[PDB]
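Only one chain is given next, in structure tokens, and it is the form deposited in one PDB entry.
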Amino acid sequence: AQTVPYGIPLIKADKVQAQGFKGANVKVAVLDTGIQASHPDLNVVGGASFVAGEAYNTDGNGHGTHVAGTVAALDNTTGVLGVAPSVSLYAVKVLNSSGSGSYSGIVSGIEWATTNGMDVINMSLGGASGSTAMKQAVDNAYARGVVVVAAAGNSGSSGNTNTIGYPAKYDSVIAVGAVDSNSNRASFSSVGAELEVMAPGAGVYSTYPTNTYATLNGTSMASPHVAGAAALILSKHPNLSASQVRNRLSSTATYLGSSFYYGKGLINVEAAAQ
């Protein structure tokens, strides 16, 4: 009775999983509202909390559990299936139960992931402006060899205005926009020169507290498909650098139109993992 969300076959993650590559030996950190570790479809093997009074393995918001499910929901005969179901999943709590976060909280989480041997970082979060400490943190993570992925933003389009937020706007970070089930750009998906790739972000069905599921919209939903795709590539080719994984994702993307609206296009992990 396992549910396969449309996003899994759309990015061709089912084709890579059928090859026997499911993210084994790859460590992915989800920097978010935490993860409901007690959810049957999620195996959280570590992490850290930078939110006072809250442990990393609980999620009082829901957002982080949903994002984690897209990356890593277990391949079992029930529940939902994630992009890279054999990944080692780490919950890095940088957002509180209301969804809000500080720059120091996000920096602390980025640094923890870098120091703790994470292969991939997912950041389904953003702001209109970044900070010197955040730019340093993502530059260090990427230089160390971490594939850094973030939601581009949900500010849509307004003529020629660049609507990409931070950390997605940083050169060291992959900015991910959103498409629907017909591979059309979602109207809310942010646009700009920094837009790198697209992934499913409309009506994404995933894990949600407590022991349930939810259908959500956002570039927050698109970002984990790319983080998960990076992990599938790395389980197949473990010796690749972060730059090499990043170029594999952008160079093999399905062209959809102008780079301003779609970046390189929709990720195709089967082609990326060749």
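We number the residues from 1 along the sequence you see.
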| query | finding |
| --- | --- |
| Residue range whose averaged C-alpha B-factor is higher in the record, 240-248 or 30-38 | 240-248 |
| Greater mean Cα temperature factor according to the PDB record, 7-15 or 259-267 | 259-267 |
| Per the PDB entry, maximal CA B factor within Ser172, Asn154, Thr114, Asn160 | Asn160 |
| Selection from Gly109, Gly82, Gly130, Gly201 [criterion: highest C-alpha temperature factor in the record] | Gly130 |
| Third assignment of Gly53 from its chain's C-alpha B-factors | highest |
| Third assignment of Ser88 from its chain's C-alpha B-factors | lowest |
| Lowest, middle or highest third - CA B-factor, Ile121 | lowest |
| Among modelled residues of the same chain, the CA temperature factor third for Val149 | lowest |
| Chain-relative CA temperature factor third for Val176 | lowest |
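Note that the form solved in complex with a small molecule isn't included here; everything after this is about it.
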query	finding
Contact assignment for the small molecule in the deposited bound form, among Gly145, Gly99, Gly127, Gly156, heavy atom within 4.5 Å	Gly145
Answer option from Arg248, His39, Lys27, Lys236, heavy atom within 4.5 Å of the small molecule in the deposited bound form	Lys27
Contact stretch among 159-167, 131-139, 200-208, 116-124 - heavy atom within 4.5 Å of the small molecule in the deposited bound form	116-124
